[PDB]
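One chain follows as structure tokens, the form deposited in one PDB entry.
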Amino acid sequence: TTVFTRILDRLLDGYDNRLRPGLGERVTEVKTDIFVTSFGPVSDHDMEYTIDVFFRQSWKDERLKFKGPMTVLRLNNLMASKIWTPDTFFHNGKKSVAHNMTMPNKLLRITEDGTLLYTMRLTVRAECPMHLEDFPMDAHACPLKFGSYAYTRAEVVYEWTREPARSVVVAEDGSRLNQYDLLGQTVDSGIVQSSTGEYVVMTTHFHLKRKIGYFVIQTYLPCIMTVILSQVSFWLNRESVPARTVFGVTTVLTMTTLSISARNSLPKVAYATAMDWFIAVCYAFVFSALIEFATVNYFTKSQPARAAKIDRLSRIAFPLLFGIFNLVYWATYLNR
């Protein structure tokens, strides 16, 4: 045990952790990989998501070569503060947490050839800008970008440890999503530029799709049923004035209430969503059906034949137009 203490003391003897390995001689290469233990809730109102990861970095430092009875020293994480480490940060992070219970959630391992493995447990809140034109049939690519803060590409570069698609691994039971479905991830790397120079950036896009069941059984089905109810009036005989008036007024009131209540879970976007267009069209159909009934009732006692013709024409025109509109809308949005 004294042998390992002497080895560590000699390794740290004269070490300067203010300097990256290979300064002035070569680029420092960092191999990184992420294990997602839980993909936490997505907040549409804040346009952000929380993710819990094991973040793993690995690199070569010739100053730490040793020779002893073991080939890998698995050290206490305090040693991490005594050596040089990469200063990786998340570009779109908002307020992250490095867990410190019961101790710093870090691990450091040194291989006898000077390879360092440095792993930490993080909770990252990250911005996911969402465009909600296709809501509630929208899909999103929430990004996570990270890289060096201080070291330009001439000093530090990042690479994925294995094949990029296999370097970001999501745990099988690690899903805290309630409204979205994670379909996969795309892994990439590139170069960003800024007033301080050019930096390497590693990017992961998680592909999320909104579940539609809530909005089908909450907004779409009542709208469809209200439109059908308003169109049933075309089949009542023209003498049945109170029945068709009750139908029209009740369906218009229900449509107005649903339209007002429709925007209760959404962010204050400045544009119109697809559901808004659907609700507008349903309102137009109901209101036009009520105007049609009013016109038919106006002509009932002076030109009954004209009223009958208007009723017969509407009885066919309204359902056909509603069906074509539904076909075009659903073909447009479910195939995009």
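In case it trips you up, residue 1 is the first one in the sequence shown, and so on. The term rigid core refers to the most C-alpha atoms you can superpose between the two forms while keeping them within 1.5 Å.
Below, we turn to the form deposited in another entry, even though it does not appear here.
Candidate set 269, 47, 280, 27; criterion, C-alpha shift of 2 Å or more between the shown form and the other one after rigid-core fit; matching residue, 280. When the rigid core is held fixed, the Cα atom of residue 160 travels less than 2 angstroms between the shown form and the other one.
In the core-superposed comparison between the shown form and the other one, residue 198 has its Cα shifted by less than 2 Å.
Residue 210: CA moves less than 2 Å between the shown form and the other one after rigid-core fitting.
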